[PDB]
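Student:
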Amino acid sequence: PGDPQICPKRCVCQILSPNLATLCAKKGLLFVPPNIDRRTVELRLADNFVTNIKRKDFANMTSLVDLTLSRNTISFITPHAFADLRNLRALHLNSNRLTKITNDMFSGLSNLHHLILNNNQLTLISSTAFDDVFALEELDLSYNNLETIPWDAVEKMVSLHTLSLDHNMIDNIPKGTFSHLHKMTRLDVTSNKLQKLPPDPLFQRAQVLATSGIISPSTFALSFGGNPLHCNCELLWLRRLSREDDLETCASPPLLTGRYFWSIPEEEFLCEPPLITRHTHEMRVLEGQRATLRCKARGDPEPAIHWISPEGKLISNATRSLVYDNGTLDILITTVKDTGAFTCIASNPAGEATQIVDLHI
Amino acid sequence: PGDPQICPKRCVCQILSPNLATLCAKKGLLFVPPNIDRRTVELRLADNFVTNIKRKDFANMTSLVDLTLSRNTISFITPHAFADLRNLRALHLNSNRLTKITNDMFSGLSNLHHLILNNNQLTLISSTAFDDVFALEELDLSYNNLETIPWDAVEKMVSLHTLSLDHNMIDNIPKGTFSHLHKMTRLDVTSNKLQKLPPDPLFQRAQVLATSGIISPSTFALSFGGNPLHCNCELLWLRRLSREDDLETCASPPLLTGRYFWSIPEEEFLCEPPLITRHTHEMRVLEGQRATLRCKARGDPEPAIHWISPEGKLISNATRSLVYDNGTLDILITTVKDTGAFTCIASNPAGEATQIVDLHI
Amino acid sequence: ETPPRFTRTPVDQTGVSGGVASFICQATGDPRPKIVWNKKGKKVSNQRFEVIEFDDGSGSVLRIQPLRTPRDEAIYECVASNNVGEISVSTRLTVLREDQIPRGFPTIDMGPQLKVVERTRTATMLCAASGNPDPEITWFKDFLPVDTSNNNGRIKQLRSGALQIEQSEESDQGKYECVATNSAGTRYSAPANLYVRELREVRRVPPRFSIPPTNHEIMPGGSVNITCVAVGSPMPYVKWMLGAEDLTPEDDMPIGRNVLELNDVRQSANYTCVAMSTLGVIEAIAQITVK
Amino acid sequence: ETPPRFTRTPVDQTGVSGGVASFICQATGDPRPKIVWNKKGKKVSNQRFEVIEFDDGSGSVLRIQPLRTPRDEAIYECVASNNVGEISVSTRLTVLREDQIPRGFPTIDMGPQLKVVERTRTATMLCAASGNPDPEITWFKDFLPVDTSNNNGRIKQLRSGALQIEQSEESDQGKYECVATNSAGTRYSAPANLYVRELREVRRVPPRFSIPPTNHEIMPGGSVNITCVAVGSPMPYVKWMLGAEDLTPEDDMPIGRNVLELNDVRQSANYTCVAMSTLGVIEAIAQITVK
Ligand SMILES: *[C@@H]1O[C@H](CO)[C@@H](O)[C@H](O)[C@H]1NC(C)=O
Ligand SMILES: *[C@@H]1O[C@H](CO)[C@@H](O)[C@H](O)[C@H]1NC(C)=O
Ligand SMILES: *[C@@H]1O[C@H](CO)[C@@H](O)[C@H](O)[C@H]1NC(C)=O
Ligand SMILES: *[C@@H]1O[C@H](CO)[C@@H](O)[C@H](O)[C@H]1NC(C)=O
Ligand SMILES: *[C@@H]1O[C@H](CO)[C@@H](O)[C@H](O)[C@H]1NC(C)=O
Ligand SMILES: *[C@@H]1O[C@H](CO)[C@@H](O)[C@H](O)[C@H]1NC(C)=O
Ligand SMILES: *[C@@H]1O[C@H](CO)[C@@H](O)[C@H](O)[C@H]1NC(C)=O
Ligand SMILES: *[C@@H]1O[C@H](CO)[C@@H](O)[C@H](O)[C@H]1NC(C)=O
Ligand SMILES: [Ca+2]
Ligand SMILES: [Ca+2]
Ligand SMILES: [Ca+2]
Ligand SMILES: [Ca+2]
Ligand SMILES: [Ca+2]
Ligand SMILES: [Ca+2]
Ligand SMILES: [Ca+2]
Ligand SMILES: [Ca+2]
Ligand SMILES: [Ca+2]
Ligand SMILES: [Ca+2]
Ligand SMILES: [Ca+2]
Ligand SMILES: [Ca+2]
Ligand SMILES: [Cl-]
Ligand SMILES: [Cl-]
Ligand SMILES: [Cl-]
Ligand SMILES: [Cl-]
Ligand SMILES: [Cl-]
Ligand SMILES: [Cl-]
Ligand SMILES: [Cl-]
Ligand SMILES: [Cl-]
Ligand SMILES: [Cl-]
Ligand SMILES: [Cl-]
Ligand SMILES: [Cl-]
Ligand SMILES: [Cl-]
Ligand code: NA
Ligand code: NA
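Residue numbers (the entry's author numbering), protein chains in the order written: chain A, 14 to 374; chain B, 14 to 374; chain D, 21 to 311; chain E, 21 to 311.
#1: Buried or exposed for residue 10 of chain A, please, with buried defined as at least 16 other CB atoms from any protein chain shown within 10 angstroms of its CB.
#2: Select from the stretch 216–246 of chain A all residues with a C-beta closer than 8 Å to any C-beta belonging to chain D, and list them in chain order.
#3: Starting from the Cα of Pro230 of chain B, find the closest Cα among B:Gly238, B:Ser236, B:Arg218 and give me that residue.
#4: Which residues bound the alpha helix (DSSP H) around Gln217 of chain B?
#5: Using a Cβ-Cβ cut-off of 9 Å, state whether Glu261 of chain B counts as contacting chain A.
#6: For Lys62 of chain D, write down the residues that DSSP places opposite it in a beta bridge.
#7: Leaving out five residues on either side along the sequence, give the residues of the same chain with a beta carbon under 8 Å from the beta carbon of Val298 of chain B.
#8: Please report how far the alpha carbon of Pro90 of chain E lies from the alpha carbon of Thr114 of chain E, in whole angstroms.
#9: Would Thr293 of chain A count as contacting chain D if we go by Cβ distances under 9 Å?
#10: Quick one: residues in its chain with C-beta nearer than 7 Å to the C-beta of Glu73 of chain D, no 5 flanking neighbours on either side, listed in chain order?
#11: Buried or exposed: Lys161 of chain D, going by 16 or more other Cβ atoms within 10 Å of its Cβ?
#12: Below 8 Å, can you find three or more Cβ-Cβ pairs linking the stretch 277–288 of chain A to the stretch 301–317 of chain A?
#13: By the three-class DSSP mapping on this structure, what secondary structure does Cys45 of chain E have?
#14: Using a Cβ-Cβ cut-off of less than 8 Å, list which residues of the stretch 275–304 of chain D approach chain A; keep chain order.
#15: Of the residues E:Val279, E:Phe125, E:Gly131, which one's Cα is nearest the Cα of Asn213 of chain E?
#16: Helix or strand or just coil, what does DSSP make of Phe62 of chain A?
#17: Could you name the residues of the same chain whose beta carbon sits closer than 6 Å to that of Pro256 of chain D, not counting the 5 residues immediately before and after it, in chain order?
#18: Under 8 Å: do the stretch 39–54 of chain E and the stretch 101–108 of chain E share three or more Cβ pairs, one atom per stretch?
#19: Anything in chain E within Cβ reach of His319 of chain B, meaning under 7 Å, just list it in chain order.
#20: What does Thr262 of chain A pair with, by DSSP beta-bridge criteria?
#21: Where does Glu281 of chain E fall in DSSP's three states?
#22: Going residue by residue through the stretch 121–187 of chain D, where are the continuous beta strand (DSSP E) segments of at least 3 residues, counting only ones entirely within it?
#23: Do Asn73 of chain B and ligand 4 come close, with the Cβ less than 8 Å from some heavy atom?
#24: Leaving out five residues on either side along the sequence, give the residues of the same chain with a beta carbon under 6 Å from the beta carbon of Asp70 of chain A.
#25: Measuring CB atoms only, is the stretch 16–28 of chain B touching the stretch 352–366 of chain A, in the sense that at least three cross pairs come out at less than 8 Å?
#26: With a Cβ-Cβ cutoff of 9 Å, do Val171 of chain B and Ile186 of chain B count as a contact?
#27: Does any heavy atom of ligand 15 sit closer than 8 Å to the C-beta of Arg52 of chain B?
#28: Quick check on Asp351 of chain B: does DSSP put it in helix, strand or coil?
#29: Roughly how many angstroms lie between the CA atoms of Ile121 of chain E and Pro155 of chain E, to the nearest whole one?
#30: Write down the C-beta distance between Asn100 of chain A and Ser76 of chain A rounded to the nearest angstrom, noting that I regard them as a contact closer than 8 Å.
#31: What number of angstroms, rounded off, separates the C-alpha of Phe95 of chain B from the C-alpha of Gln134 of chain B?
#32: Does the Cβ of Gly238 of chain A have 16 or more other Cβ atoms within 10 Å, making it buried, or fewer, making it exposed?
#33: Helix, strand or coil for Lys54 of chain D, going by three-state DSSP, please let me know.
#34: List the residues of chain B whose Cβ lies closer than 7 Å to the Cβ of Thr86 of chain A, in chain order.
#35: Look up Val249 of chain E in the DSSP assignment and give the residues it is bridged to.
#36: Would you verify that the beta carbon of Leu43 of chain B is, or is not, closer than 9 Å to some beta carbon of chain A?
Structure below.
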């Protein structure tokens, strides 16, 4: 281990802190310099033109802690390029051209407290891409194309302080994401595609509300203001909160389009019960054949369609049957055991409505 | 024409300047407000969440001059949405999600002195997209994915002051681009993929070179520092200029890799003469059949392959013959007129080298 | 005065890894009995163990979330103590992990969702469960057992696992949980919130045809436009049908007006225009006869 | 003293829209004749009309770029005047636009490119042109006619339209233009720059085989590796060939070392290893005989 102190030709390395520093920032590098002392604790490559991270570049660096690639051209990172750094606590990839997060990317990282991806072009993240790092204090995805992220891996990080999703395309946030997650100060959803938001105790602590002469703090900071909110009873819990007005606006339903979210009274947030539009009254097909049952119901929000076997409880994806998203029912092998009266049920936050179909085989 | 003064519900409209102002900036709109007085000279929609520009939005606005869509989510603009504004001198689309510039986009614009597209995702621009505005003083494409732009339309704008291509993927700049250009102060190519640069009197006036005690103003400002320069005699004219050192770096040839461009002495900028690698010695095929002639030559830079008919000046893509990029020759209909000794010539800035192939039919 | 007595005691329970469990212990006495929960011979303390007193004050409820196996596997003890007496009850908690789940263990096929009900109206919290044998459904509101007893009262559990609250109060709103129990263990559904909002009454008008479908006579090969319009509060969806065949898909269902434009039909059939709303369905007939 | 005299006079010219044209007029006299260029009866002035004096001082050159039709169509007049005399010459310029170009008009098939030559070496500026009839090629350096005269001198024009400069001076560098002329008109090639750089001499080594291809004997069905290495300055490309069949594509040509690994060849053939450089080509024979 004992050796001289080597420095890249174009960089400046400092021994001043007991941590070895290698400062390559703003040196006009087109690639990661080949000669860097593997004992470097702090490596600054930021504000360079490097387009590619080879595995050789960051390989066999034990003591690296801060690594800043920010403001580079990087469009590609070789898998396991970062496998080597077991002590890396912060990685700044921000302001780069990365369009994807591969599952082997960050597959050596562990003790990482900051992963900064902000201001990249990423359209997708691999399902297992974040599985290797559960210890992240901060995950910054800001300013990307992401439609969704691997949420089940996000809730597996219990140390997460701030999650910045702002300025993305995100469709929705799963309900049970933050349920058992704690110690979370901040969440930024601004400038996204979210129609609704799931309730959560953290979001109950996002508000500041108190009686006169008493002051209630805000333990959670939340900004959803940039989204095309679909404003109905599902957002009522959010409307009942006492918060600042960030000028979030309701896109839908058409009655509320253009109205500011906090200006609308609580009573005007309205969801509507299910109504069954279409059905198959009676059906006759023999045993062991392809069968199809149509039930389609409308409402605000669009109701959930479930089925009920004759004198029975519930169907599902299973060995003898399959259910779909649009409501159709496929019994692949029909049997005389299935002859009878099936019930179609449609559920909504406002209510539920049922119809009946009859099946003879 | 005489009517009341109408204002969007959520905006603030000012009659203070003889130009009618409508200021919607930072109002949290998800879409362009339907009610805007068509007499508006100055319209600020900036820092809003609009995802779509409909034809109806900007339609029948005669007097509009400044229109700022900056810092929006716009991913789409309906064709001829801007057909209506003949008096628009400035359009700020910057900091948006646009991935394409359609030909019908900006197909109503004329008198435009500023088109600001910077900080968008554009990967492509239609060939005729810029044909409608030749009056542009400033075209800012900065921070995009563009591999190339419709140069022949760029040289058709003779009033162009500043062209900002910086932080793009641009491959190369055509040689005869800037000959027709005049009154051009600034060109920013920084953080691009350019290997070389074409000579030009503007680039000859980009340098500051003077004797001691004399200060030289730079009439033309040019920044190429962010590129993977291929450093050979083709860049020698650039190396002979006296300019500031912006820390541009040579990517190639391998001998110069990593070297700073301005540190390398002029004599070390080396291009190499052509060398013919492959040939077809003799060929026999009859008349009216598919024929192929292989000539492939290497060098730095890669030499230009041309052909010589027996006792003839040269060939071309034509009725009787076709030439390709890789150097192969296809005579689709061979004739006894084509029987003879063909000469293959490969040209380079360093020199040229020839070989001979014989053809009997 | 009077030594305590156990009015209700817990039972042996079995649950999954990450699930929850509840032990209900309530007592009577003068003085009011002090309810204690013990793991081995010491009062239970941990981040996941939460005791919830009853609004009556008769007792409390021990709730363990989430379930950690085998940290929580042990015997537990309810202790009802007062001035003149101390009495005890024991129950056993076993927790098996996610791969140890046998087939037939209670599984929640459809859990409760968000539900918003106007005050003094009927709210129904749905639940569906299965297993071998068929599991029994019980409900918990705000970590407390819901009283479904057939004794005359507001809250009533249905034939389906769904719970029904008529004449909804403001105190009805909270976190509801569906609990499936059988010989194989106990499973809790994902929690769901019931929101109680103030009553807003608005005139509700059933659907009536503003323009009924007009009987039209066109010789074969032609094309006609039948105007069918319906009105109401809510404004009903309008749909055309030939027999049982829906002539418009559910994706586009014009609310105001639906016109039927027939293409070169040279045979004869009777067409039906339908108007559907939550207030009931109305359907009228349009007779096209070809000569 | 002596009235002037026309040593060279312009000629009628025809060009395209956007092209250029040059009229060469030089005179002799004592005093030196003042050369004037007139459009109609007035000296030419405009942004596109640029007069270029000769280094001799004998005369000037009128260059019109670009050509604007029909603004520039007119008769033009060179005037040589001095103390004791004034004399005149006329020439007609006609300019036809891009769609008026007849077939056979001079077209430049291959124009000159950037060329960088070491001092006191041979630089060759290429040009190719075609048309009916075959056009004549003339050259212009820095808006001045290049003197290609066979009178003993440095600059010589080749059988091809290419211009050749032996023993390149520093004053040789500039902007060169190829000019094709025939009965149909005159066409200029795109301008190209010649860069003259200082001479750097390096020792040049023709290719020699460092490891010549080794004759190998392997019975049929086997696989062998033949080591062929060549050296030189420049280091030659190494390529394998069976007869006239190139065994490596031009995309990957190993500079240092090329090995031939043979696959299951059960017949017999003689293999050739080749090393190519700008200093020439060397080829050696590797023999594989199957038994
Ligand atoms: C790490 O890699 C470097 C170079 O790749 C090597 O010199 C060093 O020995 C390696 N360390 C270990 C522990 O193998
Ligand atoms: C059930 O199947 C449908 C399609 O057959 C699928 O979309 C859905 O995700 C499945 N759900 C489960 C819980 O397997
Ligand atoms: C429902 O989905 C199935 C496939 O999942 C498709 O084949 C069918 O056409 C759909 N029907 C409707 C009415 O959407
Ligand atoms: C402009 O369009 C609007 C609506 O599209 C119309 O009311 C108005 O009359 C039009 N003005 C002119 C001058 O065509
Ligand atoms: C000649 O052929 C090349 C490719 O085969 C093509 O790109 C080029 O446009 C052709 N030239 C003309 C004048 O069409
Ligand atoms: C050369 O290019 C032509 C078409 O441009 C193609 O058909 C041919 O395969 C190419 N040959 C090689 C060796 O690349
Ligand atoms: C259906 O149409 C036929 C002829 O078009 C008619 O005879 C019959 O009465 C109609 N149905 C009813 C229920 O009236
Ligand atoms: C080719 O190979 C044969 C047999 O191996 C040999 O006799 C002959 O001499 C070789 N060719 C030359 C030119 O030596
Ligand atoms: Ca060291
Ligand atoms: Ca892996
Ligand atoms: Ca930290
Ligand atoms: Ca994946
Ligand atoms: Ca949006
Ligand atoms: Ca019902
Ligand atoms: Ca007005
Ligand atoms: Ca158009
Ligand atoms: Ca201006
Ligand atoms: Ca196009
Ligand atoms: Ca680059
Ligand atoms: Ca030669
Ligand atoms: Cl910095
Ligand atoms: Cl690279
Ligand atoms: Cl960048
Ligand atoms: Cl602003
Ligand atoms: Cl929209
Ligand atoms: Cl944005
Ligand atoms: Cl007592
Ligand atoms: Cl614990
Ligand atoms: Cl009512
Ligand atoms: Cl005299
Ligand atoms: Cl002019
Ligand atoms: Cl030499
Ligand atoms: Na950069
Ligand atoms: Na924005």
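No residue lacks a Cβ here, since even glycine has one placed at the ideal position from N, Cα and C.
Tutor: Considering the structure as presented:
#1: For residue 10 of chain A there is no data in the structure shown, the boundaries of chain A being 14 and 374.
#2: Identification of residues in the stretch 216–246 of chain A having a C-beta nearer than 8 Å to some C-beta of chain D yields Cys246, given in sequence order.
#3: Within the second sequence, residue 230 of chain B is the residue found at index 217, counting from 1. In terms of CA proximity to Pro230 of chain B, B:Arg218 leads the group B:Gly238, B:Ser236, B:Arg218.
#4: By one-based count along the second sequence, residue 217 of chain B stands at place 204. Here the alpha helix (DSSP H) through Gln217 of chain B covers 214–217.
#5: Taking the second sequence and counting its residues from 1, one reaches residue 261 of chain B at position 248. Chain A contact via Cβ: present.
#6: Position 42 of the third sequence holds residue 62 of chain D. Answer is D:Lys59.
#7: Reading the second sequence from its first residue, position 285 is the one you call residue 298 of chain B. For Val298 of chain B, where only same-chain residues beyond five positions count, the Cβ hits under 8 Å are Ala304, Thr347, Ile374.
#8: For this step, residue 90 of chain E is matched to residue 70 along the fourth sequence. For this step, residue 114 of chain E is matched to residue 94 along the fourth sequence. Each residue's alpha carbon lies about 8 Å from the other.
#9: If you number the first sequence from 1, residue 293 of chain A lands on position 280. Chain D contact via Cβ: present.
#10: To locate residue 73 of chain D, count along the third sequence from 1; it is residue 53. Excluding positions up to five away in sequence, the list reads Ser80.
#11: Residue mapping note: residue 161 of chain D aligns to position 141 of the third sequence, counting from 1. The residue is buried, with at least 16 neighbouring Cβ atoms inside 10 Å.
#12: yes
#13: The residue you call residue 45 of chain E lines up with position 25 of the fourth sequence. Strand, per DSSP.
#14: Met296, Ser297, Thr298
#15: Looking up residue 213 of chain E in the fourth sequence gives position 193. Per the Cα distances, E:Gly131.
#16: For the purposes of this step, residue 62 of chain A is identified with residue 49 of the first sequence, where counting begins at 1. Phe62 of chain A: coil per DSSP, three-state reduction.
#17: Numbered from 1 along the third sequence, position 236 holds the residue referred to as residue 256 of chain D. Here the set comprises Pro227, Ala250, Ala295, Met296, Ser297.
#18: At 8 Å Cβ cutoff, the stretches touch.
#19: Sequence index remark: in the second sequence, residue 319 of chain B carries index 306 (1-based). Near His319 of chain B (Cβ distances below 7 Å), the residues of chain E are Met130.
#20: On the first sequence, residue 262 of chain A is found 249 positions in, with the first residue counted as 1. Bridge partners of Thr262 of chain A: A:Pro241, A:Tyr273.
#21: Mapped onto the fourth sequence, residue 281 of chain E falls at position 261. Three-state DSSP puts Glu281 of chain E in a strand.
#22: 127–130, 135–138, 143–145, 148–150, 156–161, 175–177, 183–185
#23: Along the second sequence, read from residue 1 onward, the residue named residue 73 of chain B stands at position 60. Yes.
#24: Here residue 70 of chain A refers to the residue found at position 57 of the first sequence. Only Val45 meet the Cβ criterion.
#25: no
#26: Here residue 171 of chain B refers to the residue found at position 158 when the second sequence is read from its first residue. Here residue 186 of chain B refers to the residue found at position 173 when the second sequence is read from its first residue. Cβ distance not < 9 Å, so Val171 of chain B and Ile186 of chain B don't count as in contact.
#27: For the purposes of this step, residue 52 of chain B is taken as the residue at position 39 of the second sequence. Result yes, Cβ under 8 Å from ligand 15.
#28: Within the second sequence, the letter at position 338 stands for residue 351 of chain B. Reduced to three states, the DSSP call for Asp351 of chain B is helix.
#29: The count along the fourth sequence starts at 1 and reaches residue 121 of chain E at position 101. The count along the fourth sequence starts at 1 and reaches residue 155 of chain E at position 135. Taking the straight line from one Cα to the other gives about 15 Å.
#30: Position 87 of the first sequence, counted from the start, is the residue given in the question as residue 100 of chain A. Position 63 of the first sequence, counted from the start, is the residue given in the question as residue 76 of chain A. Indeed they touch by this definition, with Cβ atoms about 6 Å apart.
#31: Mapped onto the second sequence, residue 95 of chain B falls at position 82. Mapped onto the second sequence, residue 134 of chain B falls at position 121. The straight-line gap from Cα to Cα measures roughly 20 Å.
#32: Translated into the one-based positions of the first sequence, residue 238 of chain A becomes position 225. By the neighbour-count rule (16 or more Cβ atoms within 10 Å), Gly238 of chain A is buried.
#33: In the third sequence, residue 54 of chain D corresponds to position 34, counting from 1. Three-state DSSP puts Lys54 of chain D in a strand.
#34: As a working note, residue 86 of chain A is residue 73 in the first sequence. Those within 7 Å of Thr86 of chain A in chain B are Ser204.
#35: For the purposes of this step, residue 249 of chain E is identified with residue 229 of the fourth sequence, where counting begins at 1. According to DSSP, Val249 of chain E bridges with E:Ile231, E:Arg277.
#36: Within the second sequence, residue 43 of chain B is the residue found at index 30, counting from 1. By this cut-off, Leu43 of chain B is an interface position.
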